[PDB]
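Quick one: the structure is below, questions incoming.
We call the chains A, B, C, D, E, F and G, going by the order they appear; numbering starts again at 1 in every chain.
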Amino acid sequence: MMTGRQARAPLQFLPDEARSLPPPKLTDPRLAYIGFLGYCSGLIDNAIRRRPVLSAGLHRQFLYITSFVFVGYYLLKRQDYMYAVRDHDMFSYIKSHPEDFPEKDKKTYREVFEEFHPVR
Amino acid sequence: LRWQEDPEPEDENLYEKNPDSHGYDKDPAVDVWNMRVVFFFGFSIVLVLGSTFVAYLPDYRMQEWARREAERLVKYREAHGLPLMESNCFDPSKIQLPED
Amino acid sequence: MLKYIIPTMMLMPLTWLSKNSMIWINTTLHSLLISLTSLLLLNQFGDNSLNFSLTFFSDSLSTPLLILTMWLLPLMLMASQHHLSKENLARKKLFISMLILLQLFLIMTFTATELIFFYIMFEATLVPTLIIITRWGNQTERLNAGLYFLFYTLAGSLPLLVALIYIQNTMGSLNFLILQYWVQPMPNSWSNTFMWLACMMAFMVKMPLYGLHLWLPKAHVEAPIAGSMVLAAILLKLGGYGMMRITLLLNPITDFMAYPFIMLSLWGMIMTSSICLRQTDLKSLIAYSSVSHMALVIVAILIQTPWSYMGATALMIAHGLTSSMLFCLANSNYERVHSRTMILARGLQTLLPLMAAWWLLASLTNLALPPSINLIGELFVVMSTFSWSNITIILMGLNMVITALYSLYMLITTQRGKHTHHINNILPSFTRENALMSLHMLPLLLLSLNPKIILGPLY
Amino acid sequence: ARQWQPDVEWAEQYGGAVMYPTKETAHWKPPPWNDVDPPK
Amino acid sequence: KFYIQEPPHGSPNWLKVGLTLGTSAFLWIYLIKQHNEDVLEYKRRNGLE
Amino acid sequence: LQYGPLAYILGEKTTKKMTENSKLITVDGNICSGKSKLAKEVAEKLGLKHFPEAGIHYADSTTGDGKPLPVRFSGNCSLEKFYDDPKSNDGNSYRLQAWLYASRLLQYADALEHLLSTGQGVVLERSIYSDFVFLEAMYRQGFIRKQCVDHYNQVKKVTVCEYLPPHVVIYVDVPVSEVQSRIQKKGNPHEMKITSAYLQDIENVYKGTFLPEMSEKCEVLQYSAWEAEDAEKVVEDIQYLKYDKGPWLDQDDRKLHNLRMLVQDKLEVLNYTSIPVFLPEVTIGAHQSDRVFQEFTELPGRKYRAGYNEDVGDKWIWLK
Amino acid sequence: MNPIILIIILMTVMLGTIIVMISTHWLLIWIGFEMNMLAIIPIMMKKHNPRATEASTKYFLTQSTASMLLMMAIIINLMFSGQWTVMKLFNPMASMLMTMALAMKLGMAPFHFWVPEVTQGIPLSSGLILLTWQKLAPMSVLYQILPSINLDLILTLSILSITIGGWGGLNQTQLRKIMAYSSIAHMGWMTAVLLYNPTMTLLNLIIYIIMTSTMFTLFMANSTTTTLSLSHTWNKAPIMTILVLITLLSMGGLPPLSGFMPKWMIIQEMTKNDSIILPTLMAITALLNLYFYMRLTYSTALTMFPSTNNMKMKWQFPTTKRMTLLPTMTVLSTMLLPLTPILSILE
């Protein structure tokens, strides 16, 4: 859909306009969930190699957590960028096509007739 | 013949090794503390204090308010000669009908 | 809602870090603390629901289901710790993890503000239940049972998903609070007819509707005791909750779409109750009684009056407590005679008198003895269905005859008559067993003192 | 009275060449274990 | 001793533990540096200082 | 691991260490052939590593603390009960034979791993190529069923095809009467219950099936009981062999790399010993399987991977 | 095989697919497919037995036929457009021939008949390459030519792949044929959403590649190619049964798992375009896939099948197999649904 939008400047994971956007906080709950997924990967890595699950290889568990948080931070940056691009294109298209988006006359319910259906 | 299988283990009686068993565990100290946890946090905490909590809910879904407010409105409109309730929920001056 | 979701999740490290002799005690203790905490959901208002966030809310429909759900977990742990005593320790912790995970999915099934998140938690409940039945059920048929439970649900629920996404494309939202104000009338058409079926048939399977009920006397029978407790007490009520939410969007087409299903329920409660008169398996009898009781909840939701919704939510809470207690009583006899045949162990009041008193009280609540909330829900549904059509009292009243007849027959067969001579392993009732019965029966009887908290959003 | 686990009769239903043997697929034997056929 | 054969993981691979902790510390300091540079660029482009 | 594709790429070729003395030699004979010292004598003249004959507890000797495990965890079978009750109901005979074939498969993998990693030759006693001569000798005595022979042939068909035969096969001619004389002089009260027809079947499948089929793929040396007493003549015969048969000639670094990758992965070696053929002598049902597995995990040094057991004194686990 | 030669050949498989993904000229697309097929033939003949030669011959014949049909579509495009740009095609006959050729390369039904045979004939690692990496190049070509793809053709191929891949896996006890029919059904789901939203095509492709790589890595880690050898896993590695349980429940698309993520989003994109019957029947047909996944979970994790005595020897030895990315893939194939809006990174 938006593939011609990111085709004049291809293969940019985060373009330069993405820096206009606020980055995800480090206490982002999505980023905390990705760190939790890294911790679960570290536990499964101890489990399949028959290491003691919570205790063995704390350096390896911490590199799992760190690597998932590291990749996931940039994935969340790109996610928020693409939804911001989606809304920017939507609003610029509505602003440039007023004949397709008229302001509908809102009626109050004193004029609005709705059919009544009795439950009896 | 058929394969190598463990036979059926006989069904254990918890009262044989522990005639004071509460049926929670075969270790008697664990059994007694499981009983105390179930009875204190189930009956002494949730049932008693929970029934006391439900008994003193602050006017659950404004029923009591609704009686008292009704006792206002009746008293306003018995005295002013108004009917106690209109058939119209909404003022007919603020309704447009579809003309015909 | 996150003050309940996070302790329910903290039960997972609590069960996996506990000492091996402490995993029942600790999870029972802290699940009882969560259940005590669940009464803060009774901050309900006469006009507004208790709306926590964009994701979660709780009105007077979801609140008793939440309190019952959070209450059922300690009782399931007590019911299950004896027959899993010889189990491997990690499999025991995995069993407790499946129960905790099922509680976690249920409490945000009932509080899900948005309907597709309701769908995802609603279908997420399948996986721990399927695992509990097929892994810790006792017999061969559990595997076949796990298929029926899986595939009557999904075949009903995958058209719901599409339907909900269609509403997402039509209304722009699936927030139930937005849909309270943006609901448009659903006229008579074929498109809206299959819209109605896609919105309703997943919950019809969950209730179960008669004719769609066949998964239940396999799934509740072949399950272990905690599986049967949560299946009868909570998971049937996902269907009733989902109907009470979804029939907002289905007016006025419901006024003639309900006619076949109402027939299927009104005759179905005559059939399944009659089936209970000739059941040889006691646990199957309790399962068919659940189908018969949920038929009234189906009729009450489809006729959609205030009295019928109040009766249906009271009957859902009451049936949850009563059916869970009846499965626990049948399990207490199964853990002695190792057969679910009801005619096998007879005369048990001569041997086990206090457990016979629990059988008596659970039978009296099953036959809706006044003033139990069983009778409150039963009676209010009967009032509303009499107003719907005066002839229904025939099929209502005849049901209350048969409901009495199978309730006492169950009580006469197992408790009365002469004891079976060759059965000599009838142990005296453990403190855990009588405790389990009392933790079902005492809240059930105390709710008769103040039933307004289980009468739902339009009390 | 212990939990039923699958017997040899239950497990042999999952060791055929297909799952549902018809008249046509009844001469099918399962493939070799190391997937190596003799060179003939 | 206990084992009849010396296991591969009887002693910790100190090169691999050092590479693990160094790579993880490098990724954390690079992540915090990236985040501080990004909030500074956001505040500069939108005028919030 | 220690050896892999990277070490092969970074220069470790096994033909650099494959010298002239790098010979896999299997010594064979009947139950009291006296080959057991002869093998050791060859291994102390040619400088080879001697492996004793793989019994029920060979895998126990290679894993853990090296001490034999209780018989319910390794084997689930008895040689002495085979000697007492050969036609027994519980299926000890083929269960013993299948466990011994898996033990000899593990031993042959260990021998090839030592030969391909160090270049030192190995002297074995009754490898996997000669294990079947007990199987048929049981089947000709009615000790096992035809279905047991079919299971054995399936497991052998998909396991022995992955390996190279020995270089030298030494056989010791000892007649059944001298075997029984040495059994009666041994004094083992179970082993003195061996019939004559079983020993004669062992000798018949030796001389009529095993040695003819090993004469093509390797070099069979065959000695009587008295000329095997001189180890110097046997070592003189081995040192003057002209190796011109069998698939050891067409082994480059790639094929021997693949073979060394096979024989260091012991679960891949032992993969097809547990094929899902539900034979009543070897099928263990799920309750006994679960119970014996969970009892095996509670053994010391057996709960975790080998460097990860605090109960046997493993340190630095939080950095491993 | 020489490890250096293996690395060069795998880099050539990757190079052929990458050339398909980066090229703007149709001849270089065709060259990337030729290079990929030529390099992947030795990966299928890695173990040198007649089943691998039969699988490689069947694979060669189907992929060569698809390559000739692809070149004829390219040549007809050059007739009616005078150019070679990898974009929309300028003739419906060339569009039909290229869609047929790409469906043959994907093994979509009714060109599906090579996928269970070739997957069964080859080792688990090469079937991992066949079911995951070899889908990437034809899906990228389908991505770029979607303004010219006939709707009725691609939806016929989609529903025919979903139905045939659902019914095909019901009869199977071999794990590689189960993964092959599962592949056929999932490619039907990918092409069904392609003309509506190809971002959901990429999402379904990525989640499928993660889950299929997880299942092949579990099968390689346990050395299991049959249902009945996979049923021994509980008595050898009980964690692996939990992992195959959660991954197979995820491949069935059961929420709250990650494999519920594609089909839901696909239905979410097919009802916006007023197609209601088609994602409904697609989702109901996927219950067939879930049924044979549940069959495998019953035999492996939810029950304990009988084992053998020699299993007690394998209790004494740890898994030395490099189970590369298996905990990461197991986590991503199961716990990714709370991060469902991450899909916008594929836009």
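Just so we're on the same page, a contact is a pair of C-beta atoms (placed from the backbone, for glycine too) under 8 Å apart; a residue touches a chain by one contact, two chains touch by 3 or more.
A.B. asks: State which chain is most central when centres are taken as means of Cα atoms.
C.D. replies: G
A.B. asks: For the interfaces B-C and A-G, which has the higher count of C-beta pairs in contact?
C.D. replies: Looking at B-C and A-G side by side, B-C shows more C-beta contacts.
A.B. asks: Counting only Cα atoms for the centres, state how far chain A is from chain B in Å.
C.D. replies: Here chain A and chain B have centroids separated by 39 Å.
A.B. asks: Taking each chain's centre as the mean position of its Cα atoms, how many Å separate chain B from chain D?
C.D. replies: That pair's centroid distance is 54 Å.
A.B. asks: Can you compute the centre-to-centre distance for chain B and chain F, using the mean CA position of each chain? Integer Å is fine.
C.D. replies: Centre separation, chain B to chain F: 70 Å.
A.B. asks: Quick one: chain B and chain G, Cα centre-to-centre, how many Å?
C.D. replies: So the centroids are 51 Å from each other.
A.B. asks: Two or more other chains in contact with one residue: find those residues in chain G.
C.D. replies: 226, 228, 231, 303-306, 309, 318-319
A.B. asks: Could you list the positions in chain D whose residues touch two or more of the other chains?
C.D. replies: If we look for residues of chain D contacting two or more partner chains, we find 1-2, 5-8, 10-11, 15, 36.
A.B. asks: Quick check on chain B: which residues sit in contact with 2+ other chains?
C.D. replies: In chain B, 2-4, 9, 11 touch at least two other chains.
A.B. asks: Which two-chain combinations touch?
C.D. replies: Every pair of chains in contact is listed here: A-B, A-C, A-E, A-F, A-G, B-C, B-D, B-F, C-D, C-G, D-F, D-G, E-F, F-G.
A.B. asks: What does chain E use to touch chain F in their complex?
C.D. replies: So the residues of chain E in touch with chain F come to 2-5, 7-13, 17.
A.B. asks: Which of the residues in chain F end up touching chain E in this complex?
C.D. replies: 1-2, 61-66, 301, 305-309, 312-314, 316, 319-320
A.B. asks: Which chain B residues qualify as touching chain D in the complex?
C.D. replies: It comes out as residues 2-3, 8-9, 11.
A.B. asks: Spell out the part of chain A that touches chain G in their complex, as residue ranges.
C.D. replies: 1-3, 6, 30, 33-34, 37, 40-45, 47-50, 64, 75-76, 78-79, 82-83, 86
A.B. asks: For chain G, which residues are in contact with chain D within the complex?
C.D. replies: 47, 49-51, 120-121, 170-174, 225-228, 231, 295, 299, 303-306
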